[PDB]
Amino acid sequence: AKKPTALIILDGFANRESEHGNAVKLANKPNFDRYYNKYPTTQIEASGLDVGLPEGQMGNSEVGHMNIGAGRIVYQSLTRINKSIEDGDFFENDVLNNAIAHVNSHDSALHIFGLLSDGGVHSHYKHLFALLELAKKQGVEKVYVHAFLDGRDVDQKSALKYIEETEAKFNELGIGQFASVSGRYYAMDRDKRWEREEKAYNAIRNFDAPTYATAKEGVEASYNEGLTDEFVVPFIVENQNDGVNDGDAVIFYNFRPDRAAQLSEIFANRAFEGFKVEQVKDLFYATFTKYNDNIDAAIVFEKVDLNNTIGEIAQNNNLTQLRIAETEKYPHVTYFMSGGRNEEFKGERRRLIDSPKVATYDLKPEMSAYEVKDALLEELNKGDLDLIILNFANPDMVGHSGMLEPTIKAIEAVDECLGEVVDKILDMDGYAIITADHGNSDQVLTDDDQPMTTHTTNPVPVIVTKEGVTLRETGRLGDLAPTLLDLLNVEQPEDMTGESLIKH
């Protein structure tokens, strides 16, 4: 048998001082406790800037497993764009400046499309303000803003505030105006409901829609009819919309593809047939990210491939590896772990265990953890594995139910499985790193005893089952893969910028 090293991710399992609604602390976890008391231990950050998110933003599974596999901080779109604005590269961006040069050279118009909120899931409105400043700096004359209203990633009736602050911006810079206003239900549909999109399109293009003298006025009218932000029926702002015409440019500042793709196909997929259109000629169509492959767009922030993730380094040292998890975390231990790559590395094998088919996992807190554990045992008994990446989904997936007793039971089943897994590894003269990708199950009740159903910003435990070493006192997810390479005695390449948790 080879000596195995395994990373064991207890999804959504973190350190929190309060015991109130804390399923991690209330659960009986004798194996975890035994390993924790015997072996070297620390705590590392899995939220915010430490994993490429905004300060204060709770971690998640996708961002977590990306950072873990990469062994470095993997900047997500919002932070990437924020930082680009802060250090100036944004204002030098080739694609944004070409879009502007198209407008300036045709004396045509610049249109800006996006979700006008600080939700941060699909867009951030401060990126609109940076586009306004760029256009102003480059002397563009006509800027039309097409506002898509949120109400879903922020309070359900908050649009007036973003609109007001945006109006003050147009006045402060002497450029820009709202030309159309649409609920995200219409402009940001993702279920091929082309009829809803056509209403937004018609307002954007000055074709057919209600008109109001101001963005505020249309929104208040909507509110008066009982229709909140998300559902505002698209409208045109009187005298502030001259259509989308040949030679214009569009910049769409949303960075999340799923809900920006459809509207972008309407304008810039020559094959679009959701409804009949006469597409604009000589249109320069820029998207902040690439929404899909059927849109002829210039892409402002291109995807970066990640070289030398843990799986690639393993391959390149002629090691063999296993990725294993039940369904709900299978993409995390595969695609996201490998840096957003579906293809297996040479020497990679995978094990998918079917999750149960229930609407919510409080109905079976053990989920398929026991079958995951049994698969791993069968794999370890083959003796041919160098590296194992395992995820127990339960604490996250049960914790999302906001129910304390089932989340405790989820943890307890995971603890029983952890015991058999980790003892086998130790039986085989191997090493485990036991940790998590962000918190959740550490808090499943608000302070007033209501269900709490979300991840947390709490730091995560690390146990490394190697005797006579000391761990560094803090760190981040991007340090786990360097710790694995340390355990395996494999050289760490320069593009993995994290650092081994084991002191030397």
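Residue numbers run from 1 along the displayed sequence.
Chemist: Out of 139 to 147 and 110 to 118, which stretch has the higher average CA B-factor listed in the record?
Modeler: Result of the comparison: 139 to 147.
Chemist: Out of 232 to 240 and 163 to 171, which one has CA B-factors that are higher on average in the deposited record?
Modeler: Mean B over CA atoms: larger for 163 to 171.
Chemist: Based on what the PDB entry reports, which of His332, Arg270, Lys364, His127 has the top C-alpha B-factor?
Modeler: The listed residue with the largest C-alpha B-factor is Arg270.
Chemist: Could you tell me which one of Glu416, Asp258, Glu312, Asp94 shows the highest CA temperature factor in the PDB record?
Modeler: Answer for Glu416, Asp258, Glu312, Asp94: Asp94, with the highest C-alpha B-factor.
Chemist: Should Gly56 be placed in the lowest, middle or highest third of its chain by the C-alpha B factor in the entry?
Modeler: Ranked within chain, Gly56 CA B lands in the middle tercile.
Chemist: Is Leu10 in the lowest, middle or highest third of its chain when residues are ranked by C-alpha B-factor?
Modeler: For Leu10, whose C-alpha B-factor we compare with every modelled residue in the chain, the answer is the lowest third.
Chemist: Compared with the other modelled residues in the chain, in which third is the CA B-factor of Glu412?
Modeler: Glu412: CA B-factor falls in the lowest third of its chain.
Chemist: Which third of the chain holds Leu485 when residues are ordered by C-alpha B factor: lowest, middle or highest?
Modeler: Tercile = lowest for this residue's CA B-factor.
Chemist: In terms of the chain's CA B-factor thirds, is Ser84 lowest, middle or highest?
Modeler: It falls in the top third of the chain.
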